[PDB]
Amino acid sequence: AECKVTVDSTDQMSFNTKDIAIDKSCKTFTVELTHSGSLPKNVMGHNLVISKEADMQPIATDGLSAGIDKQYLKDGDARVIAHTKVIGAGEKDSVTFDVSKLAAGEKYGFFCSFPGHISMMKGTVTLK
């Protein structure tokens, strides 16, 4: 199906969508993240992380101390389904993953793990 989405993240700490819908007829799904505005990654960086909805805040908390060099994610965090790098204004990244990782009957979300951003920057992923 349509197996790719592009999400913008802003200088006002927001993603420009609240839901990522994944059609089940995709073996592989690609999320592209762009960052508009002009703020660099060390002041207003953003990544996009996909996990179980319950796991979003715990992943964020463990990422706090990993720092920007590890994309604010604890190295090898198994709760993470897929993630982009932390990007600043002007940059882009994408991550492609097996849609098969998303166990049906489960609730998944996406979020930014840059410290403090999760409170505003999260949404749902919906398998259809």
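A residue's number is simply how far along the shown sequence it sits, counting from 1.
Mean CA B-factor, 42 to 50 versus 78 to 86: the higher value falls on 78 to 86. Stretches 98 to 106 and 69 to 77 differ in mean C-alpha B factor, with the higher average recorded for 98 to 106. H35: CA B factor lies in the lowest third for its chain, per the PDB record. Annotation for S25: C-alpha temperature factor in the highest third relative to the rest of the modelled chain, per the entry. In the PDB entry, a CA B factor belonging to the highest third of its chain's modelled residues is recorded for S119.
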